[PDB]
Every structure is written in structure tokens, then in C-alpha cells.
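Heads up, my_file-v3.cif below (mmCIF, C-alpha atoms and all ligand atoms):
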data_structure
loop_
_atom_site.group_PDB
_atom_site.id
_atom_site.type_symbol
_atom_site.label_atom_id
_atom_site.label_comp_id
_atom_site.auth_asym_id
_atom_site.auth_seq_id
_atom_site.Cartn_x
_atom_site.Cartn_y
_atom_site.Cartn_z
ATOM 1 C CA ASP F 1 30.130 -42.429 152.701
ATOM 2 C CA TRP F 2 31.671 -42.339 156.173
ATOM 3 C CA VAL F 3 32.819 -45.767 157.402
ATOM 4 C CA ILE F 4 31.737 -47.002 160.829
ATOM 5 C CA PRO F 5 34.816 -48.100 162.825
ATOM 6 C CA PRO F 6 35.006 -51.886 163.276
ATOM 7 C CA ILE F 7 34.468 -53.655 167.203
ATOM 8 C CA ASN F 8 36.516 -55.310 168.847
ATOM 9 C CA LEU F 9 35.362 -58.248 170.963
ATOM 10 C CA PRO F 10 37.374 -60.553 173.267
ATOM 11 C CA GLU F 11 36.630 -64.241 172.615
ATOM 12 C CA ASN F 12 35.314 -66.375 175.473
ATOM 13 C CA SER F 13 33.167 -63.509 176.745
ATOM 14 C CA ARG F 14 31.193 -64.105 179.936
ATOM 15 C CA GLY F 15 28.384 -61.673 179.333
ATOM 16 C CA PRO F 16 25.950 -61.681 181.072
ATOM 17 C CA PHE F 17 24.226 -62.280 177.736
ATOM 18 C CA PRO F 18 22.883 -60.481 175.753
ATOM 19 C CA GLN F 19 25.965 -58.250 176.109
ATOM 20 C CA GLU F 20 25.336 -54.748 174.733
ATOM 21 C CA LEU F 21 27.895 -53.702 172.127
ATOM 22 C CA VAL F 22 27.051 -50.400 170.538
ATOM 23 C CA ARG F 23 24.077 -48.412 169.283
ATOM 24 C CA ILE F 24 23.823 -47.996 165.497
ATOM 25 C CA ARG F 25 21.319 -45.305 164.599
ATOM 26 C CA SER F 26 20.179 -42.514 162.355
ATOM 27 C CA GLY F 27 20.157 -38.999 163.777
ATOM 28 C CA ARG F 28 16.904 -38.503 161.905
ATOM 29 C CA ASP F 29 15.024 -41.040 164.075
ATOM 30 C CA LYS F 30 13.973 -38.631 166.860
ATOM 31 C CA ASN F 31 12.589 -36.557 163.999
ATOM 32 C CA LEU F 32 10.934 -39.496 162.247
ATOM 33 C CA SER F 33 10.115 -42.829 163.930
ATOM 34 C CA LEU F 34 12.503 -45.389 162.460
ATOM 35 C CA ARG F 35 12.692 -49.175 162.795
ATOM 36 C CA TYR F 36 16.129 -50.765 162.816
ATOM 37 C CA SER F 37 17.230 -54.225 161.518
ATOM 38 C CA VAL F 38 20.474 -56.183 160.884
ATOM 39 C CA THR F 39 21.346 -58.777 158.191
ATOM 40 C CA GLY F 40 24.263 -61.035 157.227
ATOM 41 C CA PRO F 41 26.248 -64.055 158.484
ATOM 42 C CA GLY F 42 25.865 -63.783 162.240
ATOM 43 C CA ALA F 43 22.422 -62.186 162.132
ATOM 44 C CA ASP F 44 19.921 -63.713 159.624
ATOM 45 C CA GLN F 45 22.331 -65.994 157.702
ATOM 46 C CA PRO F 46 24.407 -68.782 159.320
ATOM 47 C CA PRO F 47 25.343 -68.601 162.113
ATOM 48 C CA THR F 48 21.940 -67.114 162.925
ATOM 49 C CA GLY F 49 21.121 -65.176 166.040
ATOM 50 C CA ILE F 50 24.610 -64.279 167.258
ATOM 51 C CA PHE F 51 24.188 -60.476 166.773
ATOM 52 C CA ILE F 52 20.814 -58.793 167.472
ATOM 53 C CA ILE F 53 19.650 -55.176 167.198
ATOM 54 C CA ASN F 54 16.719 -53.560 169.088
ATOM 55 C CA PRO F 55 14.008 -52.371 166.604
ATOM 56 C CA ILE F 56 13.630 -48.982 168.374
ATOM 57 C CA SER F 57 16.904 -47.997 170.046
ATOM 58 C CA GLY F 58 19.180 -49.626 167.515
ATOM 59 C CA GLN F 59 21.208 -51.085 170.343
ATOM 60 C CA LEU F 60 23.152 -54.127 169.131
ATOM 61 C CA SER F 61 24.154 -57.053 171.341
ATOM 62 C CA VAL F 62 25.913 -60.412 171.044
ATOM 63 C CA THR F 63 23.967 -63.383 172.357
ATOM 64 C CA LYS F 64 26.821 -65.808 173.118
ATOM 65 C CA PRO F 65 30.584 -66.282 173.781
ATOM 66 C CA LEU F 66 32.657 -66.079 170.604
ATOM 67 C CA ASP F 67 35.813 -67.909 169.443
ATOM 68 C CA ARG F 68 38.289 -66.481 166.970
ATOM 69 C CA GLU F 69 39.841 -69.841 166.260
ATOM 70 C CA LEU F 70 36.450 -70.806 164.660
ATOM 71 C CA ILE F 71 35.471 -67.417 163.231
ATOM 72 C CA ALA F 72 37.446 -64.197 163.611
ATOM 73 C CA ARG F 73 35.272 -61.782 161.619
ATOM 74 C CA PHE F 74 31.633 -60.962 160.878
ATOM 75 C CA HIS F 75 30.330 -58.430 158.356
ATOM 76 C CA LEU F 76 26.762 -57.310 158.972
ATOM 77 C CA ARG F 77 24.509 -54.605 157.529
ATOM 78 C CA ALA F 78 22.160 -52.322 159.491
ATOM 79 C CA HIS F 79 18.931 -51.034 158.026
ATOM 80 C CA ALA F 80 16.493 -48.285 158.927
ATOM 81 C CA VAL F 81 12.928 -48.102 157.751
ATOM 82 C CA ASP F 82 10.038 -45.782 158.486
ATOM 83 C CA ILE F 83 6.715 -46.585 160.100
ATOM 84 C CA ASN F 84 5.534 -47.538 156.582
ATOM 85 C CA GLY F 85 8.436 -49.796 155.663
ATOM 86 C CA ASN F 86 10.177 -47.363 153.301
ATOM 87 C CA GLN F 87 13.953 -47.532 153.820
ATOM 88 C CA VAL F 88 15.116 -44.079 154.945
ATOM 89 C CA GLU F 89 18.853 -44.652 154.730
ATOM 90 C CA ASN F 90 21.142 -46.746 152.569
ATOM 91 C CA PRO F 91 22.478 -49.924 154.257
ATOM 92 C CA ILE F 92 25.553 -49.501 156.465
ATOM 93 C CA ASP F 93 28.316 -52.076 156.802
ATOM 94 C CA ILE F 94 29.185 -53.200 160.330
ATOM 95 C CA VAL F 95 32.509 -54.923 161.024
ATOM 96 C CA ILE F 96 33.282 -56.938 164.129
ATOM 97 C CA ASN F 97 36.548 -58.567 165.077
ATOM 98 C CA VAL F 98 36.971 -61.307 167.588
ATOM 99 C CA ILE F 99 40.291 -60.952 169.370
ATOM 100 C CA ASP F 100 42.565 -63.375 171.313
ATOM 101 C CA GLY K 1 2.747 -74.439 159.615
ATOM 102 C CA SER K 2 6.478 -75.174 159.904
ATOM 103 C CA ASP K 3 8.082 -75.668 156.459
ATOM 104 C CA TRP K 4 5.000 -75.134 154.342
ATOM 105 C CA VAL K 5 5.987 -73.051 151.325
ATOM 106 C CA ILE K 6 3.984 -69.972 150.440
ATOM 107 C CA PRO K 7 2.582 -70.059 146.879
ATOM 108 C CA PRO K 8 4.005 -67.513 144.386
ATOM 109 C CA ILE K 9 2.390 -64.081 143.966
ATOM 110 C CA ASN K 10 1.549 -63.171 140.364
ATOM 111 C CA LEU K 11 1.331 -59.496 139.535
ATOM 112 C CA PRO K 12 0.425 -58.009 136.110
ATOM 113 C CA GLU K 13 2.887 -55.605 134.438
ATOM 114 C CA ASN K 14 1.920 -52.062 133.397
ATOM 115 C CA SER K 15 0.039 -51.356 136.651
ATOM 116 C CA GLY K 16 -2.018 -47.986 140.613
ATOM 117 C CA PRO K 17 -2.330 -45.799 142.571
ATOM 118 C CA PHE K 18 0.910 -46.582 144.457
ATOM 119 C CA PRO K 19 2.088 -47.920 146.789
ATOM 120 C CA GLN K 20 -0.069 -50.830 145.641
ATOM 121 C CA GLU K 21 -0.839 -53.275 148.491
ATOM 122 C CA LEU K 22 -0.260 -56.907 147.417
ATOM 123 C CA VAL K 23 -0.578 -59.530 150.121
ATOM 124 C CA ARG K 24 -0.368 -59.786 153.925
ATOM 125 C CA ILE K 25 2.592 -61.884 155.081
ATOM 126 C CA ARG K 26 2.364 -62.374 158.812
ATOM 127 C CA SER K 27 2.952 -64.819 161.626
ATOM 128 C CA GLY K 28 -0.044 -65.995 163.647
ATOM 129 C CA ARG K 29 2.050 -65.501 166.767
ATOM 130 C CA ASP K 30 1.633 -61.748 166.249
ATOM 131 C CA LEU K 31 3.324 -61.203 171.030
ATOM 132 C CA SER K 32 4.238 -57.957 169.272
ATOM 133 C CA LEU K 33 6.353 -58.878 166.257
ATOM 134 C CA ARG K 34 8.000 -56.676 163.672
ATOM 135 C CA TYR K 35 8.343 -57.597 160.014
ATOM 136 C CA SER K 36 11.063 -56.951 157.390
ATOM 137 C CA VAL K 37 11.896 -58.169 153.861
ATOM 138 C CA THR K 38 15.302 -58.848 152.228
ATOM 139 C CA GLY K 39 16.718 -59.472 148.770
ATOM 140 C CA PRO K 40 16.792 -58.088 145.189
ATOM 141 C CA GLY K 41 13.722 -55.858 144.936
ATOM 142 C CA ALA K 42 13.801 -54.912 148.636
ATOM 143 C CA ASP K 43 17.128 -54.162 150.405
ATOM 144 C CA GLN K 44 19.234 -55.210 147.362
ATOM 145 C CA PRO K 45 19.079 -53.630 143.860
ATOM 146 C CA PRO K 46 16.717 -52.937 142.343
ATOM 147 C CA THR K 47 16.119 -51.418 145.714
ATOM 148 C CA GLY K 48 12.791 -50.295 147.142
ATOM 149 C CA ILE K 49 10.447 -51.976 144.680
ATOM 150 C CA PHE K 50 8.753 -53.913 147.487
ATOM 151 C CA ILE K 51 8.256 -52.931 151.098
ATOM 152 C CA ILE K 52 6.507 -54.616 154.023
ATOM 153 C CA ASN K 53 4.641 -52.830 156.843
ATOM 154 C CA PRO K 54 6.667 -53.233 160.073
ATOM 155 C CA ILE K 55 3.546 -53.880 162.176
ATOM 156 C CA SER K 56 0.915 -55.288 159.752
ATOM 157 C CA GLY K 57 3.044 -57.414 157.415
ATOM 158 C CA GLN K 58 1.411 -55.878 154.355
ATOM 159 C CA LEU K 59 3.682 -56.300 151.282
ATOM 160 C CA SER K 60 3.288 -53.448 148.763
ATOM 161 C CA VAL K 61 4.724 -52.639 145.324
ATOM 162 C CA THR K 62 5.891 -49.048 144.737
ATOM 163 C CA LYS K 63 5.935 -48.564 140.999
ATOM 164 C CA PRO K 64 4.845 -50.237 137.740
ATOM 165 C CA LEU K 65 6.570 -53.457 136.603
ATOM 166 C CA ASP K 66 7.505 -54.965 133.229
ATOM 167 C CA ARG K 67 8.026 -58.663 132.593
ATOM 168 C CA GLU K 68 10.476 -58.064 129.776
ATOM 169 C CA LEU K 69 12.938 -56.328 132.199
ATOM 170 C CA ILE K 70 12.586 -58.470 135.352
ATOM 171 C CA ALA K 71 10.330 -61.573 135.316
ATOM 172 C CA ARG K 72 10.541 -62.536 138.973
ATOM 173 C CA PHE K 73 11.705 -61.595 142.439
ATOM 174 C CA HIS K 74 12.784 -63.788 145.338
ATOM 175 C CA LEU K 75 12.511 -62.073 148.762
ATOM 176 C CA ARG K 76 12.545 -63.320 152.338
ATOM 177 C CA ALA K 77 10.284 -62.160 155.120
ATOM 178 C CA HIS K 78 11.551 -62.001 158.721
ATOM 179 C CA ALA K 79 9.898 -61.779 162.126
ATOM 180 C CA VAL K 80 11.604 -60.476 165.206
ATOM 181 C CA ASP K 81 10.257 -59.625 168.675
ATOM 182 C CA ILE K 82 10.203 -56.063 170.125
ATOM 183 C CA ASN K 83 13.764 -56.751 171.429
ATOM 184 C CA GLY K 84 15.136 -57.910 168.069
ATOM 185 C CA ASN K 85 15.157 -61.656 168.714
ATOM 186 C CA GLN K 86 14.335 -63.960 165.791
ATOM 187 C CA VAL K 87 11.112 -65.814 166.605
ATOM 188 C CA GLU K 88 10.153 -67.319 163.246
ATOM 189 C CA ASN K 89 12.261 -68.940 160.550
ATOM 190 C CA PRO K 90 12.513 -66.608 157.497
ATOM 191 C CA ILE K 91 10.160 -67.469 154.580
ATOM 192 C CA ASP K 92 10.875 -67.279 150.913
ATOM 193 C CA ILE K 93 8.509 -65.185 148.805
ATOM 194 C CA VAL K 94 8.332 -65.513 145.028
ATOM 195 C CA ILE K 95 6.728 -62.925 142.742
ATOM 196 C CA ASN K 96 6.161 -63.527 139.035
ATOM 197 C CA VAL K 97 5.474 -60.543 136.806
ATOM 198 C CA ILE K 98 2.832 -61.431 134.256
HETATM 199 YB YB YB F 201 41.145 -68.555 171.294
HETATM 200 YB YB YB F 202 5.417 -56.470 128.557
#
C-alpha cells encoding of this file:
Amino acid sequence: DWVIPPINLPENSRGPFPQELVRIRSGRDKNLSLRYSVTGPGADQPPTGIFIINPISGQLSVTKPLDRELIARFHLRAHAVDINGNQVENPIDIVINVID
Amino acid sequence: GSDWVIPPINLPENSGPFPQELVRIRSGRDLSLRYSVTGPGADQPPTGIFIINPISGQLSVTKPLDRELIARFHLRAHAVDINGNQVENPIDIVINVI
């Protein structure tokens, strides 16, 4: 399937935090109410809580200043589910690069 | 609770009608929280066997099961506020097909 272009993020960010990155959504959401989620190292696996996504808008943010010298890349996966919990789309890979 | 482990869920093979509601996994703090499950059986193959209601926390099975093919699943439930922030620590869920 089509690959979402990776993000580039300057290390030592100053926010203010949370600092909005990009919105990851399904076009079919304003047709069918969808609930968004994100998994992987940086989201729900260590380090937890660095990348969050709004359940309704699908807007993703970073919660703190990054450092490439400690970790230069994160690979997450966005999910979309209906009001019942049935996944509507397959999981999409999200790539983020810390730069400096 | 704060590290108490949830007892395994035992479900008989050859089950309906579906989706068949199993058990409610929720956080007493439900503040409007949203629930989601991860792992083999949910968002990893075999995909879509189990699903959780975003608002209620009701875990359901979607089709019949067979012990001889897969004997048990190991999922993880999550809780996140209306803004996506993690509020609870994810819990492990074990399902044994009998
Ligand atoms: Yb640096
Ligand atoms: Yb059997």
C-alpha cells in the first residue's frame, strides 16, 4: 500500500509541549465515526508516552524534547477502529527521524 | 488495584450468535477513557478475533474457536484519556480455549 512519508524532528525541541506533529487519519472517518490509536516503542512500549495521538482527530504530538544521540528513530503504527471496536483499516507504519 | 493480575478467561471451542460478548475490562477511573486491545488475536494475526468496545470496555469474540488450532491468546488492554494520554498501565489478558 502507499507509504506515509517519514518526519523529521529537530532534537532539543522547545515545544511548548505537547507539540503537534501531523494528523494521521482515514478519509472514511467523516463518513463513519472512527477512533484512532498508536502503538510501538515510543507510544505503548518503552519509552512510553513520547508520541500521542488524539482519539478523534488523529492529531499526533510529541510530549518531550528528543535527542538523536540517544535514539535517532522510532517506528510506530496507527490504528483506526469503529464505534464498536472493529478495526476499519489495516495498521499503518509511521516513521520519525530525530535530526541534529 | 495496581499490579494485581487479572485471572485468565476460559472460553469453550465450537461456539453464538456473534459477536459474542465475553467480559468487561475497564478502569474504575472511567474521566472519559477510551479502551483498546493489542496483540495476536487483536491487532496482530490472527487479526480481528477479539475486539473491545472503545467506550464500555466490553471484550467480544467474533467467530468460533478451536483448541486444536490455537490454545491461548495473550492480549493487552489500554486506557487513554479523550486527548490520547496514557492514564493506566496496560494489563495483560489471557484467554484459554477449552
Ligand atoms: Yb545532539
Ligand atoms: Yb476440539
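Atom to atom, atom CA of residue F:25 and atom CA of residue K:20 stand 29.1 Å apart.
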TODO: Find the residues near ligand YB 202 (chain F). Use a cut-off of 10 Å, count only C-alpha atoms and all ligand atoms, and write them as number ranges by chain.
DONE: K: 12-14, 65-69, 71, 97-98
- [ ] Considering only C-alpha atoms, extract the chain K residues located within 9 Å of chain F and return them as number ranges by chain.
- [x] K: 34-36, 38, 43, 48, 50-55, 78, 80-86, 90
TODO: List every protein, DNA or RNA residue that has at least one atom no more than 12 Å from (1.7, -75.1, 162.1) in the file's coordinates, counting all atoms listed in the file, and write the result as a VMD selection string.
DONE: chain K and resid 1 to 5 27 to 29 88
Compile a residue-level contact table for chain F against ligand YB 201 (chain F) at a cut-off of 6 Å, reporting for every qualifying residue the shortest atom pair and its distance in Å to one decimal, with all atoms listed in the file counted, rows ordered by chain and ascending number, as a tab-separated table.
residue	atom	partner	partner_atom	distance
F:67	CA	F:YB201	YB	5.7
F:68	CA	F:YB201	YB	5.6
F:69	CA	F:YB201	YB	5.4
F:100	CA	F:YB201	YB	5.4
- [ ] Identify all residues satisfying the PyMOL selection byres (((chain F and resi 7-11) around 10) and not hetatm) in the given file; provide them as a PyMOL selection string.
- [x] chain F and resi 4-6+12-14+21-22+62+64-69+71-73+94-100
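Distance-wise, atom CA of residue K:49 and atom CA of residue F:33 end up 21.3 Å apart.
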TODO: Quote the spacing between atom CA of residue K:24 and atom CA of residue K:59 in Å to one decimal place.
DONE: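 Separation between atom CA of residue K:24 and atom CA of residue K:59: 6.0 Å.
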- [ ] Find the residues near residue K:40: any atom within 10 Å, counting only C-alpha atoms, skip ones fewer than 5 places away on the same chain, and give them as number ranges by chain.
- [x] K: 45-50, 72-76
